[PDB]
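Let's start with one chain on its own, the form deposited without 2-oxoglutaric acid (AKG), as structure tokens.
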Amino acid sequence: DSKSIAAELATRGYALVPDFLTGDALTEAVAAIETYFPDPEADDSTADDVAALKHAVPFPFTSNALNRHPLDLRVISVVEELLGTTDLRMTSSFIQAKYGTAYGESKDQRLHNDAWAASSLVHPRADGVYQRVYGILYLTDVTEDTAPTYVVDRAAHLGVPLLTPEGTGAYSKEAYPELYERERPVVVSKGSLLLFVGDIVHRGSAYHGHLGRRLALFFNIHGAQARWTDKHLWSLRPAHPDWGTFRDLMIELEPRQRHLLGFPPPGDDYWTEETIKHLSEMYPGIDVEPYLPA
């Protein structure tokens, strides 16, 4: 219910959606993220192998059991309801592993907001089409011992500025002790999705357990009206080994989903006989009907 979830986001800054993935969709997403981040308790990897891998990896991924979820139409509908626009873009997406203390020290982030674009070009607004929506799709069970996300509330609800005197969107413990007294962990079963507005005060946390790792898919979405904000940048060409997965994603996605990647919408001046032709060449089997010029 986009109206219900948007109301939770508006009033408390976050909403936890249980069982966002279930059944085969969940098992497939778990298997896909496990191809990147192993588990020495369950496979033949070691702490040395784990330390040699990067623990955060950007979209697009090697499986559409990960690539499709930031573009899920249930998520898009929530964001459209909250922002009041359909002209949305995926700002970023990455997968992440946080390993237990047997694999090295794990440290907490400071409480912060994510209301800002990366360039800080202009100050954020927390209303209307200027809001940002973040998702964390948990692919392992998350307890207080396994690096839960911590949340407080929307910055304005706490009276704290989006730009602090230190010149960032982060809140030090010495300047903002009351925020740390109010923070709470989000505990969640695998397949749950945490949604939050970017102006919420929140943080990642250290993994306190010795063994295991938390696995999650991250993404965030903005309205194109916030035109100083970048959509997710990646580099790929048809020659690349990862192209086939991305090509297959583009064929699978519906027009409403492709829109978040900056795809030219139906009726856009981009579409001509030649660009329809090259679209079918690059994505064989894609449905060109919504884009055909009159």
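We number the residues from 1 along the sequence you see. In this text, rigid core is short for the largest set of C-alphas that superpose within 1.5 Å between two forms. Shifts are known only where both forms have a C-alpha.
Quick note: we don't show the form deposited with 2-oxoglutaric acid (AKG) bound, though the next part is all about it.
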Notebook entry, point to check: Using a 4.5 Å heavy atom cut-off, are 76, 89 and 254 all in contact with 2-oxoglutaric acid (AKG) in the entry with it bound?
Noted result: no
Check: Taking the partner as it appears in the entry with it bound, which of 106 to 114, 77 to 85, 125 to 133, 173 to 181 has residues with heavy atoms within 4.5 Å of 2-oxoglutaric acid (AKG)?
Finding: 106 to 114
Checklist line | Listed residue that, although 2-oxoglutaric acid (AKG) is not shown, lies within 4.5 Å of it in the entry with it bound (heavy atoms), from 213, 154, 202, 222 | finding: 202
Note to self: Contact with 2-oxoglutaric acid (AKG) in the entry with it bound for residue 140, defined as at least one heavy atom pair within 4.5 Å: yes or no?
What the structure shows: no
Notebook entry, point to check: Would residue 93 show up as a contact with 2-oxoglutaric acid (AKG) in the entry with it bound if we use heavy atoms at 4.5 Å?
Noted result: no
Margin query: With the partner left out here, check for me: in the entry with it bound, does some heavy atom of residue 99 sit within 4.5 Å of 2-oxoglutaric acid (AKG)?
Written below: no
Check: How about residue 196: is it within 4.5 Å of 2-oxoglutaric acid (AKG) in the entry with it bound, going by heavy atoms?
Finding: yes
Notebook entry, point to check: Hey, after the core superposition between the shown form and the other one, which of 247, 69, 55, 232 has the C-alpha moving 2 angstroms or more?
Noted result: 55
Next item on the list: Just list the residue ranges, at least 3 long, where Cα displacement is 2 Å or more throughout between the shown form and the other one after aligning on the core.
Entry: 51 to 55
